[PDB]
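**Student:** Have a look at this one before I ask anything.
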Amino acid sequence: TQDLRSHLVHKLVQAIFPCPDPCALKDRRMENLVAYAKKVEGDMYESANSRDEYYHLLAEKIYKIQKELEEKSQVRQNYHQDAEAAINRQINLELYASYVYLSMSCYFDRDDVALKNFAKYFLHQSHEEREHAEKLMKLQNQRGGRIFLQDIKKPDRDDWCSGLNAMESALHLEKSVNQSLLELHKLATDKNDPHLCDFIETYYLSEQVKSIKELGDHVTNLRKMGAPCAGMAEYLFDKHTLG
Amino acid sequence: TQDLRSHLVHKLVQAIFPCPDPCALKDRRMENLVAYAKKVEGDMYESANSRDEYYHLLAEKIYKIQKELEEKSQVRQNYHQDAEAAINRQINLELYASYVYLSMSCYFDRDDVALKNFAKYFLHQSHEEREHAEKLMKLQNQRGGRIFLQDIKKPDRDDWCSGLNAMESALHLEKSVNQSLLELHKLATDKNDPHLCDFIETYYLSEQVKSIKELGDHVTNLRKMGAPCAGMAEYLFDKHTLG
Amino acid sequence: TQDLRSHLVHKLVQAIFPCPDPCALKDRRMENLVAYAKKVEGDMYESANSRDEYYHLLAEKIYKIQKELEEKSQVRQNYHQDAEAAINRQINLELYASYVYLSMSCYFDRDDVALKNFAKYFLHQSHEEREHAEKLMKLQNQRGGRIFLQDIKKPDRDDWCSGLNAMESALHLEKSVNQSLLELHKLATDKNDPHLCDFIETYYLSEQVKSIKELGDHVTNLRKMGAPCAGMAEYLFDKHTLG
Amino acid sequence: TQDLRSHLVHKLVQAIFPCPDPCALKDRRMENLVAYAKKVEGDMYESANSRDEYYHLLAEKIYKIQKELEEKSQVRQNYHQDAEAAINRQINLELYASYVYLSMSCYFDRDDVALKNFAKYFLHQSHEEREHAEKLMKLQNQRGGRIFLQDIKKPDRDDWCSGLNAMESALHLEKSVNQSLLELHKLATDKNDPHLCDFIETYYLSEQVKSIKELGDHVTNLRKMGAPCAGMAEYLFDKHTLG
Amino acid sequence: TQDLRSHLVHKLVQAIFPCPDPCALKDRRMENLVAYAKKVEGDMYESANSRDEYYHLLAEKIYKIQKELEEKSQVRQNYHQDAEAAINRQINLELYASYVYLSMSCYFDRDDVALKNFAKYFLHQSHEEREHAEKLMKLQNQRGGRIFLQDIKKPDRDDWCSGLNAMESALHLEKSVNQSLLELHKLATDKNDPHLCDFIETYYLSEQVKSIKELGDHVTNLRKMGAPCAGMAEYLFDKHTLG
């Protein structure tokens, strides 16, 4: 009953003093801070009541202590925490979309589907999502902001069966990404952020709109040839459009 | 409603004296002409009766004052006004055909159709119609004739739905263009115009006949594969014929 | 008159049911709808009073019935009808500008003017306007919006005489286009449309500002050399600037 | 000596009538205007009180007479004087930054410093600032606006000693330039100027953010290797980063 | 009311001790020096009388204290302060000429002038002046001399109207530059400076004489064709000489 306890206590004691630099002081202040954090954790667990609210309070405490006196940054100029949280959520959504596209590329590449062009297209889309996520991370690093990488969620659907359901899921994901981008643009406009707004509306929407249009065209073509009730239509769309 | 009155009176006062050259006389004769035209318009409107006949009489007056003493031309030799009117009608029909082809290219390029090859073919046809119209305009300018550009009419059909109706409309439009060209040839033969007749029968019919034959072949192929009751036939004709 | 009656009744009966698909039901519901529309037209013509208000009411009815339950679109996300109407008006203005530039190119290419460089420049400007109009149409199609192509108006001036009046008309047309673009930008900003705003301010204004500056420079050069009271100045500006 | 009096009176008499065109009238109206301006200056100097307020009133009078009836411009459409003043201040700041970068490049190129890579980098930065200033001037000229070139201020620091102080000064200058650009963007947004806003946020911020990030990285590298208390660290950063 | 006081006191306290090196002593001697300078400024402001003479005395004190015991230089051999002041004045004149040429290039590039060849020529002349100024700065740095960058003065004329006045101003500026170069040569000859004399008479006069000759030829051509009373002459000189 101490493994999970050790894992949950080794987070705050590392978030408080993350750089144990031995090129200055000794290592007794670190031990004092560890003992103080252990006592605080003990008393707050004694004064607890449940388990989920305890984890929520721990997360809130970690988020509060990580914004104390870190000298802000050297290149950060006029940037609110709401824009940072929006960028973090957008990066998380980009990573989730890349994971979903990777799962789609690996599903159509199996033996029960046998569709190489769809797998290659989904792999290219996953690579584009990864490049967009890396570009967002680099832009956030250039603006002097922290990046809080959370846990990447797993795709809710693993068996795509045919191809129409996968196209509908991709279209819904692209619509959600577009809605998130619109919310980010609105938040940057309401919080005075011209550079991020211009960067998002220039080097991101120009590709997202084209991707949404291509997915809509693919769905329209699939919903007219005879899919999913036409096995030859899928082969024709495979050996011509993405082939 | 005086804005319409000003817009309808600013046409004749500009058609009478279209070149207010300040490198000679002053600007009192122009004012006298404007006052005379205003008085004429006033008395004619007081001696009117309806609205459509008034516009028809104004159009007839404009057409009759634009053929007064403009020294004809310096390169115009043996050319009747009937041939000029026929060339103007042919140019108007060419512009209408180009507009219809542009509308067809922009309709198939949407998201509810998703047909890129048909859109590219219609765009190429619109470009060919535009080049033919420009060539007709240049030929009319080289013969010393006036060009009366009217208003380009809008396509009567905006929702082409499938592709068979668009092909039938294009075939009917090409048949109408061929009939207009035959009427122009007959009028030029009856009015002694060998140069225009030869130019039309050489540098125009050779492409119109091929276009009509190609459209007929496309219609025959669509009316045998299973269109419009076959979604795969449209994709096959897209990814092979125009692809 | 019954030909005009047939032409005006064949619009609503085609706008109500535009896709007579024979791959499902028969053709008796279409006949019933045609009879109902004919009865409606008859009673509304019996309950009429004039002619212009009748056409206005018919246009309003057509515009109302074309926004019923067409499933909106598959790629349309956050887009008000005001922005669509503004895009339609901008496309109409672009087509009118292209027509005016074509008329200018064909006027200077005649025998009474003899200016090939001005004609080539006006033809290039008309081609640029056509490309911009096609790009606007493609952008509207990618956003899931309808395109209502109206009637292209004819140029109010046909005899440009010299070149200074043509330059002034082109400058006024460019100023009107810039004002329309500013109004479109303001409407997109007030209706929350970041993508269209960015696209218009990036891939359109960068060329419109340069065109306005070039036309202003040409007007300044013409209003200093001696035009229009200097025949050699026009030849010098032709065989150097646009030559 | 009347040197200063003549120098201060030769500015208003040249700002009132700046174009003594001899291709029209004679030269007696110019003499009358000069005499009137001399009488006005005499009476205003008799009704003066100090020296600094006199120069301020003269500057205000010059600024108010230079906005009388100059026909505005031929390409200026929707542009307030506040945006023009902001563009002038931005151009002045760009010129000051270019002068400071030139001074930095010439200081490190001396014999008491002996740093060629830093001098080359500062010269490249000065060239970039000069190109940005020329681009701003060209953009202001294309919008039909006046450019009021003031006096370029001298750098407050001439002896940069080491390299860390120069990097801190460059970082502060870049932060001031970014703040000025943000103020210009806010003023253009509050005064309805989409074209200038887009141009500034596209063709200027993309380089300013990268320059600020590079300067921050250089400062971070210098504040970790041992500078300024490490002579070898400067040589290592010279013969690797900028070498 | 203390902003100007702080700005004027932060000059001497920085000129006395310009290198606050923390790699040796502490920071109490700097505070003592600042307090002493503040007391000196206080007593000398109490013992003042006017404002302009106060600034002159401050400038003289700054110039005196900047020549105390800076170990002269390591490459400076036989070089009097008069030659250094002459080089500084020549550099200031070169910067002023570059600024005037930039203003001329930006004025002719506007919309009310429309002269691209003149603008390009003036930009090339400004680039040549900038290169000459950089070469002079590098030569002064190689001789072990200080460079006192003052404030660049603004051009006295902003509205050049035509082109003849601009050519006359450029000719007068080139004559002033030639006179300054002759004075510098005479001062270097009277103070025994063969290297600087040879460098100035070789790598500077060879271009200045050619520039003066070209400007004289341009003025002679403009004063014979009909300028400024001939609008076609300016266009001919633009589209042939500098075109």
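Just so we're on the same page: first chain in the structure tokens is A, next is B, and so on; residues restart at 1 for each chain, and ligands are numbered from 1 in the order they show up.
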Give me the residues within 7 Å of segment 224-230 of chain B as a short mmCIF file (atom, residue, chain, number, x, y, z; two decimals) with N, CA, C and O atoms, in the first residue's frame, counting only C-alpha atoms and dropping any in the same chain fewer than 4 places off.
**Tutor:**
```cif
data_model
loop_
_atom_site.label_atom_id
_atom_site.label_comp_id
_atom_site.auth_asym_id
_atom_site.auth_seq_id
_atom_site.Cartn_x
_atom_site.Cartn_y
_atom_site.Cartn_z
N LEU B 164 -25.50 13.85 -66.28
CA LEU B 164 -26.20 13.66 -67.54
C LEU B 164 -26.96 14.92 -67.95
O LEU B 164 -26.96 15.28 -69.13
N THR B 220 -23.47 9.38 -75.24
CA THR B 220 -23.70 7.99 -75.61
C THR B 220 -23.06 7.04 -74.60
O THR B 220 -23.64 6.01 -74.26
N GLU B 234 -20.26 6.77 -63.18
CA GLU B 234 -19.76 8.14 -63.18
C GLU B 234 -18.31 8.19 -62.74
O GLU B 234 -17.50 8.91 -63.34
N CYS C 23 -34.36 7.43 -60.85
CA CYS C 23 -33.87 6.20 -60.25
C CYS C 23 -34.57 5.88 -58.93
O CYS C 23 -34.00 5.18 -58.09
#
```
**Student:** For chain C, list the residues within 12 Å of chain E, counting only C-alpha atoms, and write the list as JSON, numbers by chain.
**Tutor:** {"C": [210, 212, 213, 214, 215, 216, 217, 218, 219, 220, 221, 222, 223, 224, 225, 226, 227, 229, 230, 231, 232, 233, 234, 235, 236, 237, 238, 239, 240, 241, 242, 243]}
**Student:** Let's have the selection written as a compact mmCIF listing (two decimals), in the first residue's frame, with N, CA, C and O atoms.
**Tutor:**
```txt
# COMPACT_ATOMS: atom_id res chain seq x y z
N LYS C 210 -1.25 47.12 -55.10
CA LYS C 210 -0.25 47.34 -56.14
C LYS C 210 -0.89 47.83 -57.43
O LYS C 210 -0.34 48.71 -58.11
N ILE C 212 -3.72 49.57 -57.67
CA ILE C 212 -4.13 50.95 -57.44
C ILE C 212 -2.93 51.88 -57.51
O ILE C 212 -3.01 52.98 -58.08
N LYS C 213 -1.80 51.46 -56.93
CA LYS C 213 -0.60 52.29 -56.97
C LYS C 213 -0.10 52.46 -58.40
O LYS C 213 0.31 53.56 -58.80
N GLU C 214 -0.13 51.39 -59.19
CA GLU C 214 0.31 51.48 -60.58
C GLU C 214 -0.60 52.38 -61.40
O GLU C 214 -0.13 53.18 -62.21
N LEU C 215 -1.92 52.28 -61.19
CA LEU C 215 -2.84 53.15 -61.90
C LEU C 215 -2.66 54.61 -61.49
O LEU C 215 -2.73 55.51 -62.33
N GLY C 216 -2.41 54.85 -60.20
CA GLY C 216 -2.14 56.21 -59.76
C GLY C 216 -0.87 56.78 -60.36
O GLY C 216 -0.82 57.94 -60.75
N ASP C 217 0.18 55.95 -60.44
CA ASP C 217 1.41 56.39 -61.08
C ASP C 217 1.20 56.69 -62.55
O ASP C 217 1.73 57.67 -63.08
N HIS C 218 0.41 55.86 -63.24
CA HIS C 218 0.12 56.10 -64.65
C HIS C 218 -0.66 57.40 -64.83
O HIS C 218 -0.38 58.18 -65.75
N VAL C 219 -1.65 57.65 -63.96
CA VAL C 219 -2.42 58.89 -64.05
C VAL C 219 -1.53 60.10 -63.78
O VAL C 219 -1.63 61.13 -64.45
N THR C 220 -0.63 59.98 -62.79
CA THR C 220 0.29 61.08 -62.49
C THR C 220 1.23 61.35 -63.66
O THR C 220 1.53 62.51 -63.97
N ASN C 221 1.70 60.29 -64.32
CA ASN C 221 2.57 60.48 -65.48
C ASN C 221 1.82 61.10 -66.65
O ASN C 221 2.37 61.93 -67.38
N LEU C 222 0.56 60.71 -66.84
CA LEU C 222 -0.23 61.27 -67.93
C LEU C 222 -0.60 62.73 -67.68
O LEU C 222 -0.70 63.51 -68.62
N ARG C 223 -0.80 63.11 -66.41
CA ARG C 223 -1.17 64.47 -66.06
C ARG C 223 0.03 65.38 -65.86
O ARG C 223 -0.09 66.41 -65.18
N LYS C 224 1.18 65.04 -66.44
CA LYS C 224 2.37 65.87 -66.33
C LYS C 224 3.08 65.99 -67.67
O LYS C 224 3.68 67.03 -67.97
N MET C 225 3.02 64.94 -68.48
CA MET C 225 3.69 64.97 -69.78
C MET C 225 2.98 65.89 -70.76
O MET C 225 3.64 66.51 -71.61
N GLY C 226 1.66 66.00 -70.67
CA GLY C 226 0.92 66.88 -71.55
C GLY C 226 -0.39 66.30 -72.03
O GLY C 226 -1.13 66.95 -72.77
N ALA C 227 -0.70 65.08 -71.61
CA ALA C 227 -1.94 64.43 -72.01
C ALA C 227 -3.13 65.16 -71.39
O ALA C 227 -3.04 65.67 -70.27
N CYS C 229 -3.59 66.76 -74.23
CA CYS C 229 -3.22 67.76 -75.24
C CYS C 229 -1.78 67.58 -75.73
O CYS C 229 -1.08 68.56 -75.99
N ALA C 230 -1.33 66.33 -75.87
CA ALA C 230 0.02 66.06 -76.37
C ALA C 230 0.01 64.66 -76.97
O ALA C 230 0.06 63.66 -76.24
N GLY C 231 -0.05 64.59 -78.31
CA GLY C 231 -0.09 63.31 -78.99
C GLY C 231 1.18 62.50 -78.86
O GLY C 231 1.13 61.27 -78.89
N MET C 232 2.33 63.17 -78.70
CA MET C 232 3.59 62.45 -78.56
C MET C 232 3.75 61.84 -77.17
O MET C 232 4.44 60.83 -77.02
N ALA C 233 3.12 62.44 -76.16
CA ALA C 233 3.23 61.90 -74.80
C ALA C 233 2.58 60.53 -74.70
O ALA C 233 3.11 59.64 -74.02
N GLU C 234 1.45 60.34 -75.37
CA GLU C 234 0.79 59.03 -75.36
C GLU C 234 1.67 57.98 -76.03
O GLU C 234 1.80 56.86 -75.52
N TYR C 235 2.29 58.32 -77.16
CA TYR C 235 3.17 57.37 -77.84
C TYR C 235 4.40 57.06 -76.99
O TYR C 235 4.87 55.92 -76.97
N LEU C 236 4.93 58.06 -76.29
CA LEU C 236 6.08 57.82 -75.42
C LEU C 236 5.71 56.91 -74.25
O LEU C 236 6.46 55.99 -73.92
N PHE C 237 4.56 57.15 -73.62
CA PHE C 237 4.11 56.27 -72.54
C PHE C 237 3.76 54.88 -73.04
O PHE C 237 3.84 53.92 -72.27
N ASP C 238 3.37 54.75 -74.31
CA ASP C 238 3.05 53.44 -74.87
C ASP C 238 4.31 52.64 -75.19
O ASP C 238 4.40 51.45 -74.86
N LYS C 239 5.30 53.28 -75.82
CA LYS C 239 6.51 52.60 -76.27
C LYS C 239 7.62 52.60 -75.22
O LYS C 239 8.80 52.49 -75.58
N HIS C 240 7.28 52.71 -73.94
CA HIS C 240 8.29 52.69 -72.89
C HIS C 240 7.75 52.02 -71.62
O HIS C 240 8.34 51.05 -71.14
N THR C 241 6.65 52.54 -71.08
CA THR C 241 6.09 52.00 -69.85
C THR C 241 5.51 50.60 -70.08
O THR C 241 6.01 49.61 -69.53
N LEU C 242 4.46 50.51 -70.89
CA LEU C 242 3.82 49.24 -71.17
C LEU C 242 4.41 48.52 -72.38
O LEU C 242 3.88 47.49 -72.79
N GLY C 243 5.50 49.04 -72.94
CA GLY C 243 6.13 48.41 -74.10
C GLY C 243 7.33 47.56 -73.74
O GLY C 243 7.33 46.89 -72.70
```
**Student:** Write down as a VMD selection string the residues of segment 113-163 of chain B whose backbone DSSP state falls under helix (DSSP H, G or I).
**Tutor:** chain B and resid 116 to 142
**Student:** I'd like the interatomic distance between atom CA of residue 126 of chain E and atom CA of residue 101 of chain E, to a tenth of an Å.
**Tutor:**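 According to the coordinates, atom CA of residue 126 of chain E and atom CA of residue 101 of chain E are separated by 5.1 Å.
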**Student:** Give me, as a ChimeraX atom specification, all polymer residues having an atom no more than 9 Å from residue 86 of chain A, counting only C-alpha atoms and skipping those fewer than 3 positions away in the same chain.
**Tutor:** /A:81-83,89-91,180,183-184,187
**Student:** Can I get the selected residues back with N, CA and C atoms, as a short mmCIF file (atom, residue, chain, number, x, y, z; two decimals), in the first residue's frame?
**Tutor:**
```
data_model
loop_
_atom_site.label_atom_id
_atom_site.label_comp_id
_atom_site.auth_asym_id
_atom_site.auth_seq_id
_atom_site.Cartn_x
_atom_site.Cartn_y
_atom_site.Cartn_z
N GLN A 81 -2.52 33.64 -19.36
CA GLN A 81 -2.53 32.20 -19.11
C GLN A 81 -3.66 31.49 -19.85
N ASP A 82 -4.74 32.20 -20.19
CA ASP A 82 -5.82 31.59 -20.95
C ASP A 82 -5.35 31.16 -22.33
N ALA A 83 -4.55 32.01 -23.00
CA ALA A 83 -4.00 31.63 -24.29
C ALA A 83 -3.05 30.44 -24.17
N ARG A 89 -4.36 22.84 -24.87
CA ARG A 89 -5.48 22.00 -25.30
C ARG A 89 -5.42 21.72 -26.80
N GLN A 90 -5.01 22.71 -27.59
CA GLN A 90 -4.88 22.49 -29.03
C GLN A 90 -3.78 21.48 -29.34
N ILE A 91 -2.67 21.54 -28.61
CA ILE A 91 -1.60 20.57 -28.80
C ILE A 91 -2.06 19.17 -28.41
N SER A 180 -12.02 23.99 -32.31
CA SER A 180 -11.00 24.35 -31.33
C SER A 180 -10.13 25.50 -31.83
N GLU A 183 -12.15 28.67 -31.48
CA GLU A 183 -12.17 29.10 -30.09
C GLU A 183 -10.84 29.73 -29.69
N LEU A 184 -9.72 29.14 -30.14
CA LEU A 184 -8.41 29.71 -29.86
C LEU A 184 -8.26 31.09 -30.50
N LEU A 187 -10.30 33.55 -28.45
CA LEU A 187 -9.65 33.85 -27.18
C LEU A 187 -8.44 34.74 -27.38
#
```
**Student:** Do a neighbour search on segment 148-156 of chain B at 7 Å with only C-alpha atoms, toss out local chain neighbours closer than 5 positions, and write the hits as a list in words.
**Tutor:**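 Close residues of segment 148-156 of chain B: residues 88, 95, 96 and 100 of chain B; 149, 150, 151, 152, 153 and 154 of chain C.
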**Student:** Please, could you write that set of residues out with C-alpha atoms as an mmCIF file, in the first residue's frame?
**Tutor:**
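Output below, filename again15.cif:
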```cif
data_model
loop_
_atom_site.group_PDB
_atom_site.id
_atom_site.type_symbol
_atom_site.label_atom_id
_atom_site.label_comp_id
_atom_site.auth_asym_id
_atom_site.auth_seq_id
_atom_site.Cartn_x
_atom_site.Cartn_y
_atom_site.Cartn_z
ATOM 1 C CA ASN B 88 -22.720 41.047 -82.003
ATOM 2 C CA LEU B 95 -20.066 35.048 -73.704
ATOM 3 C CA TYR B 96 -23.210 33.298 -72.453
ATOM 4 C CA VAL B 100 -22.485 28.630 -68.493
ATOM 5 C CA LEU C 149 -24.819 34.137 -60.341
ATOM 6 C CA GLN C 150 -26.824 37.180 -61.441
ATOM 7 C CA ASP C 151 -26.672 39.125 -64.730
ATOM 8 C CA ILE C 152 -23.380 40.824 -65.600
ATOM 9 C CA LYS C 153 -24.003 44.516 -66.234
ATOM 10 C CA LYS C 154 -22.664 46.233 -69.352
#
```
